[PDB]
Each structure stands twice: as structure tokens, then as C-alpha cells.
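Structure first, commentary second.
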Amino acid sequence: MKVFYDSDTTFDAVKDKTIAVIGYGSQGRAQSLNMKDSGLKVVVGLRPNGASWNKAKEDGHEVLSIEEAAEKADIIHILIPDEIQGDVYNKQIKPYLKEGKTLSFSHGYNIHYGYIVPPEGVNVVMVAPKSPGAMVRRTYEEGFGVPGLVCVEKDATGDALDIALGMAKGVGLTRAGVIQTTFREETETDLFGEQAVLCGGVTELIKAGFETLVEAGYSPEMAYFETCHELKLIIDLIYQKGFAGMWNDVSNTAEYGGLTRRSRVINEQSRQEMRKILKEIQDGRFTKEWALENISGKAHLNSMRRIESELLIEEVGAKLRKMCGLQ
Amino acid sequence: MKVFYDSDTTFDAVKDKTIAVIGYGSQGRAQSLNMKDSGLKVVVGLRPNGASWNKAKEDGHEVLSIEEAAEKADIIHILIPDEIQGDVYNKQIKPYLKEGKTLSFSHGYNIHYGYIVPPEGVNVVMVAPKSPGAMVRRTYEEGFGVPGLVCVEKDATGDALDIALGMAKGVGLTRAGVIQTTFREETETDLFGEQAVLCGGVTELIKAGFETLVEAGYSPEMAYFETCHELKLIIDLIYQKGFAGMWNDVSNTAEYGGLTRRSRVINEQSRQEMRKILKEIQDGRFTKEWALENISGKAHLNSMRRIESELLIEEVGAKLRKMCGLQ
Amino acid sequence: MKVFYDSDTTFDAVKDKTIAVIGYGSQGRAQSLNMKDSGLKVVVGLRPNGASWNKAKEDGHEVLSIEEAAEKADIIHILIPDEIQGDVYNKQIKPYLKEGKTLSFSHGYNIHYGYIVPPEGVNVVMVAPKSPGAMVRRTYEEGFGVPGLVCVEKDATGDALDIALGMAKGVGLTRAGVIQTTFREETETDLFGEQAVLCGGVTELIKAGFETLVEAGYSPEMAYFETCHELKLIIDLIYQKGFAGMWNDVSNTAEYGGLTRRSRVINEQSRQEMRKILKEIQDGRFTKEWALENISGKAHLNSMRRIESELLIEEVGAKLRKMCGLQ
Amino acid sequence: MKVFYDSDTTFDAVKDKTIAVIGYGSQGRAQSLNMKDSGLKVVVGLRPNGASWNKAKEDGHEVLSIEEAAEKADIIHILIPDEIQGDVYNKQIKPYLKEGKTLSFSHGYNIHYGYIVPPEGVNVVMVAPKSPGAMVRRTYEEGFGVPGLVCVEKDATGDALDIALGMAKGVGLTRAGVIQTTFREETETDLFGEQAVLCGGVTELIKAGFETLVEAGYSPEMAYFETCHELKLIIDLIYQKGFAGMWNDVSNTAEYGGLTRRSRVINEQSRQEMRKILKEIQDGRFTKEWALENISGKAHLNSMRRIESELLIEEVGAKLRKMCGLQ
Amino acid sequence: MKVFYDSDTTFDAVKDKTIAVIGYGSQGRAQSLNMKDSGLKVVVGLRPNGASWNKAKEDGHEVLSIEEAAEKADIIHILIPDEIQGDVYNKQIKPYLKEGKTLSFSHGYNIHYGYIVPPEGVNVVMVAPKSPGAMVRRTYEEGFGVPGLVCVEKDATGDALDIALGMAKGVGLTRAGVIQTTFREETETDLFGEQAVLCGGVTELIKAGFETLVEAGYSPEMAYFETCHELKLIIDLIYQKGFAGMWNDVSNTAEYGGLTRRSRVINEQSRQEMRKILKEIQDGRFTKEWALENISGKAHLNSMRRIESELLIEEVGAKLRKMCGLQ
Ligand SMILES: [Cl-]
Ligand SMILES: [Cl-]
Ligand SMILES: [Cl-]
Ligand SMILES: [Cl-]
Ligand SMILES: [Cl-]
Ligand SMILES: [Cl-]
Ligand SMILES: [Cl-]
Ligand SMILES: [Cl-]
Ligand SMILES: [Cl-]
Ligand SMILES: [Cl-]
Ligand SMILES: [Cl-]
Ligand SMILES: [Cl-]
Ligand SMILES: [Cl-]
Ligand SMILES: [Cl-]
Ligand SMILES: [Cl-]
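Protein chains in written order, with our numbering: chain A, 1 to 327; chain B, 1001 to 1327; chain C, 2001 to 2327; chain D, 3001 to 3327; chain E, 4001 to 4327.
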């Protein structure tokens, strides 16, 4: 689509403005340091009774309380988990807002589903890198950056897009290219990807192939190699050269085998269920389910975690990664 | 069934009693004004920090706080949304109750599902008009009223039915006729009607017919007319003259067409699902689901709302209603 | 689509022309009186041995025989039931036609399905109000009118559209807005609407909900209220404010209930059968079936009528409408 | 498996230690009195504003507040309903814990699903009798006891198992035999048993047989006898002599009938659903559902209760039990 | 239904009459001793070449041969297994019958299915206790009795009902209450109960739950506890307090779990098969099958017995009952 680069953006809208980064996780740290290193005026609002409070001080940030940071700053960038953003916002951020300020996120989940409703006269933007905090910071240290996303949900003051592009210019996303999408599009495609393919899809795929080999009498070690370990090789090829580049870089036996058997693994039933997974995200049923999970104490989620940790594929991968020196 | 009219009821049980109407929505306003205009002693309990507080004052009501009204009155009529009645009751009403008082509703949802448990020695009645507040008030201004429902859930003091009929006599329902049913029967049939036919049923019916025409290449404007706009004509005929009166008032081509094709639209599957919808209401699963919807932040409900507002039938109806001068 | 209003139309093509309205039903009477009252020269052709003959005289119309009217007039407007139009046309209208005359209808059923084939040099137009005769006349008495449809099936003389818009200008449809569609589009969408939703669809929906409650032990009176009587309230809201306006004007419990249960009542099977109902209308199978119904003596239709009149919902609605004073 | 008896256990680990029994239900009372009567130092922590507070005093226990008891004791035995343990623990128990103390339960539901997370340095054990409080106390009064379960979830201090066996020795379970299992195994099999067979399974079985007879025209009284009342006879035989002992103690006609028809009642579908019921317990979905039931006000649960009380089998059993003198 | 008690019955019809009890099983012994102890004149007819012959003598009964007893007595009470009653009757009882005598049973299986056809002028009655012989005798020793059933199949002489009530008065059933049903109703409901629920139903239920746990890796000992051993607790509660009393006496987690999962174990397929099991009893197909089982040497029945004794649930229950001291 339309891309913004360095030549296409300036720091005019962020120049004389104080930016509060709420949160010091991987994205909290990487984005805060980059913008500070880009010349932007940054304060980091955290909980006094927290671990990241002391780490953010070790890095030389003006560390404040979340209320203290919300009050001082014109731009509040919220990088905390979606499942507690709403509660932290309505208690410790919303009261310290005023006409002219800007609300910024790296994820549109809370805005899109109504868990955070901004006050009148407040901009709502998104500055979303498409790489983990570690890479965000690392590429920025090297004079390059990582591809990112930018969005405008509410343009109260008029320079919402420029504020978001200014923040993206300071984080370094602009060096690699920034794409303008919508809060709804970022949210829905992000939830669908993680659920249907990125996290859910592939782990069930790897489980099924591994369990097929193991139940057929094949060595668990060999099964882990051909259904899990080796997969990184193929993805890296697709990541760099695309599908056609991958097929050319693998053996013709592997190419023919993949092209003739793959429609049998992802059947029509899988595709019909992918449509329901998307509709459950669209109409808010998944958000409801995820919210009630936290409200009910995450018992379902913690049981699944224990079951996942008891998998044979886990125990075999640990031994193999131990031998390799990967783990 | 058995009907109560004006000749069948008196104000003996409500005469020297103070009635608190909690809430000033369509029913809050219409019912409060009618009873006051009928000679009954009315106070209106509201939130001081609310909009209806000032409107209720503009109409000349003794406006009080919900606690203030609960304390003063012998009869507390609660006309606020079911999904917050329980919380408002257990905090600001229950403490100001005493033996001899009466708890009154226009909807039995909260009593029936245990979200409001009355104290010992307190009457639980229902005064439920079967028309919207606007009509309730309007018909009463004209010397007539609107058909209503009356119920007794707990007869602590002995004049529970008379208190409810006295309130119905002051609201004006008695002029058109009042029917005595049960809190469970009002609740279950109300939930089933709105879900299976009144709101859910017909909108899905209108959507399907409209989407059938549009997907077949028919003009969206013409599709809106023959699947939505015209429907009011038929309902008004059924409302006034019943089914047989409607069929006689439409063309024989429309009559034959309707009588021979309609069993094909509401199939056996629709009727089997109507039975499950009823059982989900009966056994409290819907109430649980609706309660968790509010507890989880109404994300599912707000997503559905946005999707409903993005429908083609909405955009076409707006243009047609704009031309007509209806909207 | 494109709308014609008063400022967009004139009486130039109907000015010095005699218009015969064949039929004095609800539309016959309303349309004839309006055009006469608008200044147009109207004669009403009827059967001498008929009831409407004397009523049309009481209203001051030049009442003629159908042949007499067909001969005198340049424009013949046929407002009699579709199932006898063809026979009345080929015997008492077609012979008195000449090049330059215009054939006009409010319904394109007979033209579209070949039951009326016009002679060469004769215009075929449609002047179709989208409201019942009573409203057509009433709104016209009040300086406003009712939304209508206009169509040109054959433009022999050149002013077919102007003749139809002139008639629509005299009936008063032009004050509310007139839409130009086709004889096929009016016919097919009209038949589909009445069959799938307007008459067939909703009555089967109301039957199923009512029969569900009654078979579950609920009071027939209460079942009629929540599956029939109350429905008028919702439709009137959709009629005036559309879907979104209705949902906002009902309780959140009714809104959530409707949005989550309605897809279960109109299932995929209902939508597949709606497509067949449309194809049966498109390819003329329904017209064949309706024609053979009349030819065979309407035994099937009269049996269905008797069965409809024996329904429990009829007997309960009559008692409730009797109490209300509606019937 | 491996059983612990009296000869296998001592009071060494509980000797100079104060044991707080939180709760005075059937198990609270029976277990507290037994351990006190066995020589152990017991205090009973309860709510001051509660009924059991006064009953526990009538029995001569040192009655304390839950916080008071948590502070004084080294061993805190929590015998309150699982659905409020977590809230009572995190507020009134967790703060008064210290390294060296022990957390004890008769049910592992809250520990296993993460609703109670113990502090570092605190033992987590289970002392679970396999009989109701009434029998626990009664058998102990008679020099015998009731079979029990023992578990160690966290062995911080080293004598966790001995502390649990010491408590089991004081409750009297050791006289009948104590089995060491795991918190997960006790929880999952307990939930599965109550749901699939012990409470859910058999009541649906009794309902189906009773409803089969009644719908076939058989006397409800006779149906209750042959589908409910008589069942106690068979269970008591299985309880004492096992399956083979039961079959030998019934008529050959009843034996042949049971052995040839029973596979037809519990079909493959029942067994497939038993596997899903177990997986829903394993992965925490049932715990989530039960938690949300309480959070949402137990509307679903209270509706089911009312429906259960309206069953014909209830009304007929009451009359028969009334005649018998059982009720 | 209608109950007979002590105040409602006398010994007038049995006073000067000799009662032969054929058989000295649990019911043979208990019923014979009770009637003798009640003042009735009893002789016990048995096989000379049998074990019970000597036991019946040890108890002080006038012990006779079956023919000797049939000849002496006016009332012949047959308490031997249904599958040999017919052969013993037609050879050693029928010839010693005369007009005026009475044929009595505790089970109507043989009369109802035509295996015993009485001679003209002979009464056919039923005296059926609803408890095992051990309890019949024990309760009678304690001044109370056990609930019973009474039936009249043929009233030849006129005092058939009185003879049966007199026998029930001597057995002691009248102290607890006696119900009058029919030979067909006792038989069919007895066969259905034992097959669908009492013996067949519950053992297959217990097998499925136990096998579910065991196949999932749960300890067989723990599986026996939660699918078999504990069940006695629930039944005893239903036996004494009914369903509602049981649910109130179990944990809310067990109650919610049971009410929401139980419809999944007894599915529609189970209920359809219960109807076939009943029809097979009604139309005599089961009786035919049971008769051919004995005629063919009980090979099928003895194989099933061996298979039942080889079950894992048997071996685990034996070890657990051994530890408990139950077995
Ligand atoms: Cl760094
Ligand atoms: Cl190649
Ligand atoms: Cl699909
Ligand atoms: Cl007013
Ligand atoms: Cl007709
Ligand atoms: Cl069904
Ligand atoms: Cl007029
Ligand atoms: Cl809202
Ligand atoms: Cl199709
Ligand atoms: Cl005691
Ligand atoms: Cl045998
Ligand atoms: Cl399976
Ligand atoms: Cl004895
Ligand atoms: Cl409760
Ligand atoms: Cl069937």
C-alpha cells in the first residue's frame, strides 16, 4: 500500500511535546530508548512497586508514576498487556488527560473493543512495530529500523497522523517503511494470525505430525527433527525469498511431496473453521471469552499451560536442544 | 383470561401510601405522571448526578435520592434497566426497607432470577403496561389507557394484589384491561418473544429476504421496500384485525403466495431451535450469558452493534426514509 | 436511485387526455379521486352489474362501462385483481384500443407474464403507489402524498414516461417521491416480498413462536402478546428509524437477546429455500401455479383459508383484540 | 496401592503444633472434634458474624477469627466451600502465614486450579476422608474410623507427609487405612465421579427410567419404586460385596435382564461424552464455567434447582417417602 | 395411590385357613416366620431332597412335601424362582388344588406370562414386600414392617383381596403401608427397573465411568472410589430425602457439575433404547429369551458371569473392600 519513509516524515508534531511511554517490557524499553535517542523528550511512567521501575532508572530514563507521567505528557504511549490496559487507563490515566493530548498504542485491541474510551478532544493513534522489542532496539542502534504500522482512530487536534509518524520516526520504523492501516484492521488480522496460523495453527500442525510419527513407532528424536526442528529452515527461506524462493531452495523430492500432499492436511473443514475463528474475532465473542478468562482467575489458561508443558514433544525437544546447545 | 377493569378496582390500598418511582425513562416518566395525575402520592427517586434528575424536576415531581425515596415510600416501583437493578437495589434500596413495604416492578427479570431477593415481610408485585411509555402517558391524557399486566410474587401484608391493581388503576392500565399472570410467565414469554420473534426473529427474516433479492441483482431500494418498508402495512392489519383480517385485506395473489410458501421459510429446524431458545431462557443460561456480557465490558454486544450499523439494509433504508421524510 | 418530485414533473402529457380508471377498489377509488381532484379528466369504467358501479357514482365520477371507458379514453388505468385482468382485457379493452393510446397499471404481473399483450402502437406504463388506497387518498387530501413507483414497458408514442409521471403527479405520489423501475423488477420483488417475508414469512414466524410457547404450557393470551401483538411496536420503529434506531429504542436485554438468537431462527435452510422461492417466481412456475389455482376452482386456497381461521392464535387474538377494543 | 494404618503412623509432626480448622460444616465439626479428642491442639477459626461460630463454642472449641486462627496456628486446615476458599484465603489467611507453616485441605480444587497460591516456605498437604462428616465423627467415637486420602503438594519444611499423616491419625482415617494420591488426581477423579456417575449420571438414569414408565401409562408410584427406591438395595450390595456379590444376591431373572440390556442404556455416545466431560475437567474449562456461575449470580444454577424441584419424580417420591416414614 | 394400613385390615379371611409357603429362600423364610408369629397357621412345603428342608425344620415349621403342603393348605404361597415355578406348579401343585383355594405369589411373572394357569374356582393374589427377606423379618421383629404390594388377578371365591391383605397383615407389610396394583404392572415395572436402571443401568454406568478414568491413566483405586464406592452415599440421600434433599446435602460444585453434565451421559439414544427394552418386556420377547436361556443350558448367562468376574473393577473393589473390612 502507501508507505512512509524517513524522507516522507518529520519530527514537527512531536518536537516540543513530552511523550510518556507507559510500560517497560520488550516494547516499552526498545521504543522508549529509541525515541529518547532520536531527540524526543521521553518520560517512562511505571508502578513504584514494580521491577521495571528500577530497570527503567538504570537506563537513564526520567521514571515517573503512571499518574505522574500521564499528567506531565502530551502524548501517552501505552505498552502494557491488553488485559489490564483498561483498568490502568480508567483509574490512572483518564483523569490526567486534557483537550489536545494524544493517546497512543502499539495494539488497537482495547480501543477497538471499547475497553478504553478516550475523552473528547484527545487524539487516538497507533505506533506499531512489526518486530519484537529486541529487534526494534537493535536495528535502531545500527542505523536501520524495523517495518511498522501507523493508525489514526481519532483526529481531535489535527496533527494525529503527524504525531504518530513523528513517533514512528523516532522509534526508527520509518527507516524500514511505515504502513497506515486502521485500529480495526490491525486488531482483527493480528488476532486471526496468532490464533489460526502464527501460534495456534502451526503448533497444532507440529503436534499432529510429531504424534503421527511417534504413534507409528518412529524415534521421538527423529520425529522432533522432521516435524519441528527443521521447520525453521523453511520459514527463514519463505521469510527472505517467498514461497517460490523456498521451493527452488529445497530438493525436488521435497518440492513435489509438499505440493501434492499439502491440500490433504489443511482440508476444507480447516478453512471453514478459519472463517468461524475470524467471525468470532469480528463480532467480539473472542474478546468476551478472553476477558472472562482473566475475570475467572485464568484456571482454563493455567490448566492448558500445564498440559502443554507435559507434552512428549516438549521433553524430546529439550533433550535435543540441550545436545545442540540451543537451550 | 380474567381481566380487571376500572369497575373492578379501587385505590383503597394505595390511598394513604407514598409510591416511589425509581427511574425516569420512558416508563419512569409516563407511569409517574399518570399516578400523580390520578391522585396518588408520588416521589421520584433518582441519582443526583444524572440527567433525568433535572427532567423529573421540570415536570413538578418531588425528586429525591434513591435512598431518600426508598426510605420515605411504602411502595418502591423500580423502572431502571434489568442489568443494573440488582446492584442499585442491594446498595440503595434494600437497607431502607421495612416490614409492610411493597416492591413493585414492570419486569420480573431480577426477582425471577434471584438478582433481587426481597426482605421478609415485603410485598413483591408487578405493574406492567404492554405499550411504550409514550403511549402509556398519551392514552392516559385522553381518558383511555393501555392494556397491562399485574402479578403478585410475594403477598406478605395481604393487600399485595390490591396495591398492584391500585397502581395499575392510577397508571390507567385498568381502563383498557389488566391481566394477572406470574413473574415467571411474564419474564420467560417476554424474553422468548423478543429473541425468537419480536426483535431477533423478524430482523433476521428481513435481512434474509433483503439479502436474497440484492444478491440476485435486484435494486437495493426495491429490495428494502418489499422486505422491510411494506412490512408495517401487514403487521398493522394483524395488530387490528388478526390473521384472517389481514389475508382478506391483501390481494389474492399475495394471500395464495403467503399461504403456500411460508412453511418453507420457517422450517422444522427453526422450530427445534425455538425450543432450545426457550429452554435456555427457562434454565437460566441466557440470564447467565447476558450477565457475563455486562461483567466482561459488553465487547461482544458493541461489536455486533457496529456490524449491524454497517449493513447495506441500513444504508439503503436511511436514503429511502430520507426521501420519504420518515427520518 | 433517481427520484422524481413535483418540481421534476408536469401535467403536459396528461393535460388534454382522458384517463379511464378500470376498477373501484381501494386503489381504484383513491387514485381516481386524486387525479380528478388534481385537474385531470377521469372516467371510471366498471361492470354495470356490480357494487362499485353505484359507489363510483356516489363520488361524482363519470361512470361508464369497461368497453365504454376503454373507447373514450386515451389512457386506460387497470386496477382490478391480476387473476382476472387478462380475461377482462382481451374481451372488453383490447378491441377499443388504437395507436396512440396508453395502457397503465399499478402492478406489472399481467404484462410481465404475457397474460396481457398490448397492440402495436400502444404505450405500456406503470403508476404504482407504495401505500394502500386509504393512505393514497388521505395523504393527498392533506397536501402531501405517498411514495410511488413508475415504469415504462413499451414507449410507442414517445411520451410514455411523461404520461406515467403525469399520472403520478395527479395521484400525488410525486409529492413524496417517485422511483423509476421496471415491470419485471416491480413484479418479482413484489411476489418475493409477500411470499418470503411480508405475508408468508412473518405469519409462519408468528405461528412458530406462538405454538412454541403454547406447547410449553404458557398462557395462550401471554403467548399472543409476546409473539404477535407486541410485534407492531418493533416494526413501527424500524419503519421510522431503521434497524439501528429500533435497537436503540428497546431494552439492552431485548437487544442482546435479539442479536444473539436471531441467526438460529432463520437458518441456512431458510435462506436456501428463499432462493428457490425467488427462482420459482422468476421462471414463471408460481404464476402457473396461481393460474391453475383459479382455473381449478380455488379448492386448495379455500381449504387453507378455513384452516387458517381455525387456528388457536386466531381465537386468542380475537378475545384479546375484543378486550382492547381493537376489534 | 500403598496404605498407611495406625501402626504405620505417629503424631510426632503434629505433637507440639497448633492446628486451625477453618470452617464448621459437617467436615469442619467432625474433623475438629476428632483431632481434639485424639490429643491434638485445635483452634477453630470462623466468621464472628456467623451461625457456626456459636455452634463451635457449644462444643468447647477455642473459637477464633479466621485471621486470629491463621496467626496462632502452624497448620491451617481449610474446610469451607471451594467457591469461596480463594477469596477468604487471599484476604484473611495469606497475610498471617510464615515460613514453616502448613496449608491443609480436604479437597485440592483450589490449589490445583491456582485459586490459592501458597507463599514460599509453606507446606501444602491434603487430609481427605472418603465419608461424610457425620460418619467421620461417628466411627471415631466407636474406636474405628473412615477410609481417607493423603497428599503432599508442596514439601517446604520436610515433614509435610508426616504432618498430613499425623492429622489423618488424629481424625481417625488411619484406623481404616489412608491412601497417598496427588492433588490433581483427587480433584480430577472427584469432579469426574460427581458429574459423570455419582450425582449427574445416576439422577439422569433414574429420571429416564421413571419418565419411560410414566409416559407408557405405568403408575408414578410403581415407577418411583422400580427406578429409584429399590436402587438403594443394589448399591448397598455392590458397596459391600462388589458386582459379583450383587448378581449372586439378586434373582436370576434380574441378573440375566441386567447383563443383556445394560449395554443398551450406556451407549457408545455416553462413553464418548464421558471422555469430553473428563477433558473439560482436565483443561480447566469446567472450573472456569463454575467460577463464572458464581460471579454471574448463580442464575443458571438457581433456575435448574427450581426445575429439579418441579419434577414429577420429586412429588411422587415425597408422597411415598411420607407413607414409609422415611421423610 | 390408595394405601392399606393395619387399621384398614383384619385377619378375617386368613383366620381359619392353612397357608402353605412353598420355598425357604430369603422371602420364603422371612414371610413364613412372620405369618406364623402373627398367629397364622403355616406349613412350609419343600423338596425332601433339599437343603432348605432341614433349615425350615430348625426354625420349628411344620415342614411338608410340596404335594403334601399343596393338599393340606387352602392358600399356597409360592416363593421359588420364576424360571422353575411353572414346572413345579403343573406337576406338584396343580393336582392338589380344589375350588375355594387361593394361589398367592410375591411376583406375578409366571401368572402374567401364562406359565402358570390356575384351575377354575381358584383365587390368584399377590403379596409382594418391597424389601429383601432379611429386612422383612427384621422390621417385623421390631414391631414395624416393610412397604409391600398387593394384587388380585382372579377373584373366584370373593375374599381374594381380603386373603391377600390378611397375608400382608401377617407378614407385617400393613404396618408400613400396602399398595394395590396389578400382576401386569408389578411384573412389567419390575422387569424394566432391574434391566434399565436398578441392575443393568447402574452397573454399565459405573463400568463406563471407571473405564473412562482408568483408560485416562488415573489410579484404578481412585477410579473405584469416585465411580462406585462413593455412589452409596448419594443413593442413601435420595432414598431418604429425594433428589432435592440430595442436592442440598452435597457441595455446590458437585451440584452444579451434576446438573449440567448429566444430560450428556443419558442421551436420547439411551431413552429410545429404554423404550425398546420396555416394549420387549411388554410383548413377551424378553420372557421368551429368558426361558430359552434356561432351556439351552444357561451357556450365555454363565459366560457373561465369568466375564463379569474377570473385570478390573472387580479386582480393585475386592482389594479396597478388603482394606476397609467391608468384604
Ligand atoms: Cl541498550
Ligand atoms: Cl527442475
Ligand atoms: Cl461456510
Ligand atoms: Cl406530559
Ligand atoms: Cl375470493
Ligand atoms: Cl426436539
Ligand atoms: Cl373522499
Ligand atoms: Cl449502552
Ligand atoms: Cl444453493
Ligand atoms: Cl459429638
Ligand atoms: Cl445358577
Ligand atoms: Cl473419541
Ligand atoms: Cl429369626
Ligand atoms: Cl446457595
Ligand atoms: Cl422412538
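Just so it is clear, CB atoms sit at the ideal spot from N, CA and C, and this is done for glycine as well.
Asked	Found
Test item: CB-CB of residue 3167/D and residue 3104/D under 8 Å	yes
Helix, strand or coil at residue 1189/B according to DSSP, with G and I counted as helix	helix
Chain-ordered residues of the stretch 3288-3317 of chain D with a beta carbon less than 8 Å from chain B	3292, 3293, 3295, 3296, 3297, 3298, 3299, 3300, 3301, 3302, 3303, 3304 and 3307
Simplified DSSP assignment, three categories, for residue 1959/C	Lying outside 2001 to 2327, the shown extent of chain C, residue 1959/C is not represented and no answer is given.
Start-end ranges of the beta strand (DSSP E) lying completely within the stretch 2038-2109 of chain C, minimum 3 residues	2041-2046, 2062-2065, 2075-2078 and 2102-2105
N- and C-terminal bounds of the beta strand (DSSP E) containing residue 1154/B	1148-1154
Three-state secondary structure (DSSP) of residue 4126/E	strand
Cβ contact check for the stretch 4048-4061 of chain E and the stretch 4149-4163 of chain E: 3 or more pairs under 8 Å	no
Beta strand (DSSP E) segment containing residue 1018/B, residue limits	1018-1022
Proximity to residue 2209/C [Cα-Cα], best of 1277/B, 1052/B and 1045/B	1277/B
Segment limits, alpha helix (DSSP H) that includes residue 1195/B	That residue, residue 1195/B, is in no alpha helix (DSSP H); it is neither H nor E in DSSP.
Beta-carbon proximity check, residue 1031/B vs residue 1079/B, cutoff 8 Å	yes
Inter-residue Cα distance where the pair is residue 329/A and residue 286/A	With chain A covering only 1 through 327, there is no way to say anything about residue 329/A.
Contact test: residue 3033/D Cβ vs ligand 10 heavy atom, cutoff 7 Å	yes
Neighbour list for residue 3252/D in chain E, Cβ cutoff strictly below 7 Å	4081 and 4083
With 16 other Cβ atoms within 10 Å as the buried cut-off, status of residue 1267/B	buried
Per-residue DSSP class, three states only, for residue 2180/C	strand
Ligand 2 heavy atom lying under 7 Å from the CB of residue 252/A	yes
Beta-carbon neighbours of residue 2110/C, restricted to chain B and to distances below 7 Å	Neighbours of residue 2110/C on chain B: none; closest Cβ ~11 Å, over 7 Å.
Cβ pair residue 1143/B, residue 1027/B closer than 8 Å	no
Cβ pair residue 1117/B, residue 1151/B closer than 8 Å	no
Amino acids of chain D, ordered along the chain, whose beta-carbon sits closer than 7 Å to that of residue 4244/E	3308, 3309 and 3314
Residue 3147/D beta carbon less than 8 Å from that of residue 3176/D	yes
Range of the contiguous alpha helix (DSSP H) that encloses residue 4269/E	4268-4282
Residue 199/A, buried or exposed, once every other Cβ within 10 Å from all chains shown has been counted against 16	exposed
Closer than 7 Å at the beta carbon, the chain C residues around residue 1132/B	2233
Option in 4239/E, 4102/E, 4115/E and 4302/E with minimal Cα separation from residue 4284/E	4115/E
Cutoff 8 Å: residue 3282/D Cβ touching any chain A Cβ	yes
Length of the line joining the Cα atoms of residue 4294/E and residue 1262/B	60 Å
Length of the line joining the Cα atoms of residue 4011/E and residue 4171/E	11 Å
C-beta atoms of residue 2254/C and residue 1308/B nearer than 8 Å	no
Boundaries (first-last residue) of the alpha helix (DSSP H) holding residue 3300/D	3299-3309
Below-8 Å beta-carbon distance, residue 2226/C vs any chain B residue	yes
DSSP state of residue 202/A mapped onto helix, strand, coil	helix
Beta carbon of residue 4137/E nearer than 8 Å to that of residue 4033/E	yes
CB contact check: residue 2222/C to chain B, cutoff 8 Å	yes
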